[PDB]
Amino acid sequence: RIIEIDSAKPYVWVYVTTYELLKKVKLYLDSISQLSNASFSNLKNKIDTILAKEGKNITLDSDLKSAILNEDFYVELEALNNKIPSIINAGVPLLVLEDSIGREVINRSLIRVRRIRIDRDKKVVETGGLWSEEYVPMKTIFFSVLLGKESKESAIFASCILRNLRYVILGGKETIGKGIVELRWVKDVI
Amino acid sequence: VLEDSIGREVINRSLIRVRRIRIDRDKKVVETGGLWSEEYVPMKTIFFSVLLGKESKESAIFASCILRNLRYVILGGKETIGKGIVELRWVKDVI
Amino acid sequence: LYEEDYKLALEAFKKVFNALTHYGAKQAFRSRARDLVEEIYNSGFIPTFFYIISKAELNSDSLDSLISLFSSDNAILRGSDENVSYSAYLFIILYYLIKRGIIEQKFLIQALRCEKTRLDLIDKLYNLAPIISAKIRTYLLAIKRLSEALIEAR
Amino acid sequence: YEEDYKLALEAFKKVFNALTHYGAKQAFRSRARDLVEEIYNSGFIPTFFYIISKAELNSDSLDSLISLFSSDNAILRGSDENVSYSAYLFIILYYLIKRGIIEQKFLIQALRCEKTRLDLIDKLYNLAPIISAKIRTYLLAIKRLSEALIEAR
Amino acid sequence: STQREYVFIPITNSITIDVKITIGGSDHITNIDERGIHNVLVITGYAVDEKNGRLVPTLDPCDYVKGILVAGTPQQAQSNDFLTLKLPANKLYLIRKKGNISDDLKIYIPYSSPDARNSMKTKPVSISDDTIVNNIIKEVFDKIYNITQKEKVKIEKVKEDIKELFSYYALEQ
Amino acid sequence: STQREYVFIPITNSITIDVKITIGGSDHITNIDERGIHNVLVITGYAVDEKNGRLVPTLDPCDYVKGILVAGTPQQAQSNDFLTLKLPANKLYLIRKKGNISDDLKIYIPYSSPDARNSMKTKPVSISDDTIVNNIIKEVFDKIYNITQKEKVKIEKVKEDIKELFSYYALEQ
Amino acid sequence: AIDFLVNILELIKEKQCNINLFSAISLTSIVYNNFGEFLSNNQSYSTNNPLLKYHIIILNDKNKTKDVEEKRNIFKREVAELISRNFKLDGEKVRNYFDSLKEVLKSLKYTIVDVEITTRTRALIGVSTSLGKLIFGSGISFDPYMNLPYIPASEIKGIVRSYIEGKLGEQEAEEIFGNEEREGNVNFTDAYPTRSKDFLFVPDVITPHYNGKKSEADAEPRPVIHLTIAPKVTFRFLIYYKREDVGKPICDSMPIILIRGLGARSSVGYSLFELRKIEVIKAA
RNA sequence: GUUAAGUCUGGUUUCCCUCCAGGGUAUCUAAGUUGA
């Protein structure tokens with residue numbers, strides 16, 4: 001969540017990442033670049049040009065210059081090299097924070113929820129049937145890699161199966177309607 | 001249909017905050033600490049959700065007999081002060 | 001540097017607390033803080049804000065007292081226990097509006113002391129209404145807690 | 001080190017002894033089950049404002065706390081809730097004193113003035129991200145102790 | 001009573017002429033009222049018999065068939081192999097409801113025979129490929145609903161809502 | 001540096017005698033950016049005796065003189081009958097503060113010393129009469145606004161708000 | 001926009017009963033609290049806004065301030081009278097609401113008790129609730145989406161329970177209205193007015209002289225104009241439950257508890273009601 | 001008997017949450033020394 005001072009461009013939410021998460025993605029990409037024939041020079045150079053701006057909070061798809069994230073944390077941003085095209089495509093700015101701030105922002109971005117359990121014949125809570133529970137919000141982006149070793153079946157897999165994988169169900173609580181998720185392959189989205 | 005930076009404030013102020021109390025049965029006055037507020041969502045408010053089901057023979061009978069004859073339910077709390085009655089209109093049935 | 005809702009509430013409540021000399025003023029201000037937030041929710045910020053301005057019974061020396069409180073910290077709110085309580089909650093709201101940079105101090109003062117500028121202040125508040133109603137109630141909730149912690153009942 | 005469970009044992013001893021009415025004990029048990037989760041979710045300073053609001057630190061419950069520091073026989077007087085919140089505030093201030101986050105010398109001439117009490121709250125605001133990470137396991141222990149010892153009402 | 005017939009809607013081309021009565025008086029259960037089709041029947045435990053166009057009784061609760069419900073009769077030369085039955089309209093699994101239905105229906109379902117030589121095995125099907133849809137529209141709806149192509153431009157609407165409305169199960173043969 | 005100049009909005013005509021410099025550079029701070037006139041400072045504490053107008057100071061804070069902020073030294077035949085002053089521009093009272101400031105704003109304001117003989121009387125004024133608006137709109141702004149005449153197409157957005165956004169407290173004696 | 005404001009009383013009197021009374025009074029309060037400013041040549045120069053009438057009249061000349069203050073007192077009284085005469089009751093929407101709600105409950109197999117009651121004396125329900133609070137200081141329990149005053153179901157349940165535990169002990173109550181370990185067996189809807197005689201609201205005053213005073217040397221009347229619910233206004237609400245037991249205690253409780261108060265200031269005979277009609281629809 | 005003139009006041013104070021439930025159940029690991 002954002003309350004953007006110094007912007008007539010009204011954003012209700014915004015994407016937040018930190019430099020440590022970016023360093024981890026860079027390590028993934030560096031490692032699997034050597035261990036395979038593939039290369040991700042576009043993604044790698046995007047990540048590298050962002051990482052070059054370490055020390056200062058920055059925004060990618062806007063020029064906010066200041067904001068109030070998750071109701072508590074003031075930031076003072078900078079513009080990345082005159083609109084460096086950002087990795088994701090959601091018409092919402094991506095902010096890259098110093099990891100100290102980003103830690104608290106990301107903690108405040110999680111969803112904690114009390115649930116209860118009701119006796120099946122007297123509409124009153126059961127004893128012990130009360131607990132909390134944590135979700136990661138919808139619209140959250142995780143970065144993973146799927147690596148395969150040479151084989152016949154590996155080619156059929158990478159060419160027939162991974163081209164019909166879009167929506168899968170991660171996690172648990174799949175009856176509260178949690179865990180629907182969209183896999184978007186870096187090759188055909190970057 | 002408002003843009004979000006204003007529709008957010010509008011919809012948030014659009015809820016009913018009723019204050020209830022508890023009464024000293026002998027003084028016939030308000031107990032100390034017996035004052036609180038509750039938020040209600042107005043009548044005729046509309047919520048949208050989906051009911052999904054894996055392949056099964058039970059799923060068939062559920063979606064084809066149960067979900068037909070299910071129109072009214074009671075949601076949430078305060079059922080005895082008349083809150084929480086709800087009608088479910090399926091898009092499938094009548095958009 | 002930027003002060004969040006609770007820190008701004010601390011600073012505002014601290015500047016008010018030293019100005020309410022008589023303790024009845026303090027207790028009436030406690031009663032104010034404890035319900036003007038629910039009022040602001042139910043009736044809207046602008047109606048309740050002008051209600052507070054009226055109930056502060058300005059058009060006296062209370063006005064220059066209230067503007068002096070902004071800077072002197074040696075100033076005293078003068079009036080009856082109802083008038084100064086509303087005057088101090090008005091200072092609370094003005095301090096928020098000024099520190100959050102929503103409305104400048106000069107314009108607020110001149111709108112508060114002039115028949116003319118008051119109407120365009122109404123216009124401006126109807127312009128700036130989302131920017132205020134977004135988060136003023138958290139700061140005012142913190143004010144409520146500070147009041148019912150640092151002051152007692154009648 | 002795990003001496004925070006020991007600190008919790010000491011604080012819970014002092015509180016369990018200063019709450020003479022068993023209703024006050026059960027109310028403190030409720031405060032213990034709730035306020036640690038509220039510090040987790042909503043942060044320290046919000047929950048501390050909430051707590052000092054409902055403790056009603058007039059002038060008299062205040063001295064009961066300063067004495068409860070020293071005299072192992074000091075009692076807390078007031079409503080069950082009014083003393084449970086003050087007991088939990090004592091838990092907090094106790095941890096802050098023992099772990100030397102703020103000098104007890106300062107915390108004493110704050111609980112006696114209403115003119116340095118706001119400075120106490122300001123100081124606690126300058127240290128909220130420290131306290132928030134420190135007191136976690138201590139308050140978890142206080143909660144566990146309360147569920148263990150005090151009878152569920 | 002208002003005699004009814006369940007002219008079901010598979011894709012195969014044995015659907016045009018199977019009901020005698022077109023309108024009768026001025027009533028039909030199924031409505032087409034500018035929002036698409038309305039008051040469509042759905043039967044469960046029955047599969048399409050695209051081969052020898054009919055529908056045979058299966059037992060699986062997942063096997064359903066659709067098709068409008070109108071006023072008609074078996075032309076006095078059929079219903080040797082039909083199911084006909086009298087329901088109080090509270091037993092009708094009617095999708096896409098518009099209003100209420102009076103009482104005491106009398107439906108004629110295009111039935112089949114057991115035929116316990118070959119095993120049945122049904123597949124979920126679709127009605128897409130409007131090359132299929134158009135002949136049914138010009139053969140099933142018009143001969144029953146003459147107001148179709150009388151005051152309506154919302155016909156392509158009927159086309160995309162047959163895209164989105166009618167499915168069934170057929171014996172995969 | 002740069003030293004600006006502030007002139008009122010009268011109903012009379014003595015404006016050319018003193019204002020010389022249109023811009024003196026590249027771009028102003030006062031603007032007609034199709035959003036309305038912006039950064040129009042407001043004086044509070046003066047009275048307008050405007051027959052051959054020059055400002056006189058009052059004691060009231062509800063007396064407000066409002067105009068626009070021209071960049072330029074007026075006539076270079078003065079600085080002994082003008083209230084010269086260079087505020088650091090965060091002690092200036094403006095309207096619709098959009099952008100930043102030059103961190104220091106020297107203002108030359110036409111001034112009439114009080115010379116107390118009568119007792120002052122201040123009356124507010126709202127103006128009208130689209131002609132009596134245009135005849136200030138594009139003769140004296142035109143003298144100072146030159147990037148208009150090619151982009152300021154609908155003059156209405158200024159001719160309509162000059163009669164609602166400006167006012168003063170007149171003296172008339 | 002300010003023009004919505006300076007034209008809101010015209011709206012009250014022309015759009016009568018079809019305007020959102022909550023927002024209407026809320027916006028009127030801005031005019032009321034900036035009266036001296038809305039009168040200084042800002043009447044919008046219309047001819048049916050009540051606001052220039054306070055420019056024709058002269059109440060004082062030795063003080064413009066006193067002029068404004070007396071004009072504002074008159075204007076408060078006039079706002080009360082405007083709301084009371086113009087905002088009348090059209091209870092067709094409520095009759096439809098309750099018929100449909102009762103059909104819903106018949107589907108859910110409840111046993112409904114539809115009770116109709118009539119105001120006998122100017123009622124005060126929700127006197128601390130926000131409606132007119134920013135003008136009058138008092139309020140009315142107002143549902144801003146039915147655009148009506150209403151009696152909360154919680155209030156009616158609390159009063160019925162107070163009576164039932166008065167005459168059946170503090171245990172049969174909890175047998176009926178439940179406790180912290182059982183849910184109640186009786187449900188209450190809010191009560192809405194379905195038919196009045198002439199008015200729905202009515203101006204009134206209360207003028208404490210001595211409340212909270214030491215002696216005669218500090219006595220002073222402070223008169224409090226406010227709005228009350230007119231007499232002869234008929235409210236109705238439903239009572240539904242699934243067990244047949246609780247039908248007995250509620251039936252006989254209904255006529256009795258109404259003749260004594262149902263709102264505020266019952267002690268001086270204000271919120272006195274009258275059981276107009278009761279009716280029980282058993283399900284199965 | 002007659003003349004004139006109204007004037008003063010214009011809602012306050014409490015209560016802002018109380019109690020209980022703060023996890024329960026199931027899984028708790030499965031399957032798999034050879035050459036000098």
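Here is the naming used below: chain letters follow the sequence lines, and residue numbers restart at 1 for every chain. Side chains are part of it too, since the values below use all heavy atoms of this structure and drop only hydrogens, waters and symmetry mates.
- With a 3.5 Å limit on both pairing distances and Watson-Crick or G-U wobble geometry required, RNA chain H contains no stem of 3 or more pairs.
- A heavy atom closer than 4.0 Å to some atom of RNA chain H occurs in A:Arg117, these being the qualifying members of residues 110-118 of chain A.
- Partners of G:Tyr32 by ring-ring contact (aromatic ring centres under 6.0 Å, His included), not counting sequence neighbours: none found.
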| field | B/S/- contact track for nucleotides 4-13 of chain H, protein heavy atom under 4.0 Å | value | ----SBBBSS

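- Sugar pucker of H:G32 is south, as judged by a negative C1'-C2'-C3'-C4' dihedral.
- The side-chain contact (heavy atoms from CB on, under 4.5 Å) search around C:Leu10 returns C:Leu146, D:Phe49, D:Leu118, D:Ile121, D:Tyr125, not counting sequence neighbours.
- Annotated as stacked: the bases of H:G23 and H:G24, by the 5.5 Å centre and 30° plane rule.
- When each of H:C15, H:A21, H:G22 is scored by its nearest atom to the side-chain atoms of B:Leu35, the top-ranked nucleotide is H:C15.
- Considering only residues two or more places apart in sequence or on other chains, C:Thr138 meets the side-chain contact (heavy atoms from CB on, under 4.5 Å) condition with C:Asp5, C:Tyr6.
- Residues passing the side-chain contact (heavy atoms from CB on, under 4.5 Å) test with C:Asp35, sequence neighbours excluded: none.
- For G:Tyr210, there are no ring-ring contact (aromatic ring centres under 6.0 Å, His included) partners at least two apart in sequence or on another chain.
- The side-chain contact (heavy atoms from CB on, under 4.5 Å) check on C:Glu152 picks up C:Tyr23, D:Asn58, with sequence neighbours excluded.
- Under the ring-ring contact (aromatic ring centres under 6.0 Å, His included) criterion, D:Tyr88 pairs with D:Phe28, sequence neighbours left out.
- With sequence neighbours excluded, no residue forms a salt bridge (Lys or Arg N to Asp or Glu O under 4.0 Å) with D:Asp80.
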May I have the list of side-chain donor-acceptor pairs in residues 172-183 of chain G shorter than 3.5 Å, sequence neighbours left out?
{"residue": "G:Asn179", "atom": "OD1", "partner": "G:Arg182", "partner atom": "N", "Å": "3.2"}
{"residue": "G:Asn179", "atom": "OD1", "partner": "G:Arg182", "partner atom": "NE", "Å": "2.8"}
{"residue": "G:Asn179", "atom": "OD1", "partner": "G:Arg182", "partner atom": "NH2", "Å": "2.9"}
{"residue": "G:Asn179", "atom": "ND2", "partner": "G:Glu181", "partner atom": "OE1", "Å": "2.4"}
{"residue": "G:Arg182", "atom": "NH2", "partner": "G:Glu174", "partner atom": "O", "Å": "2.7"}

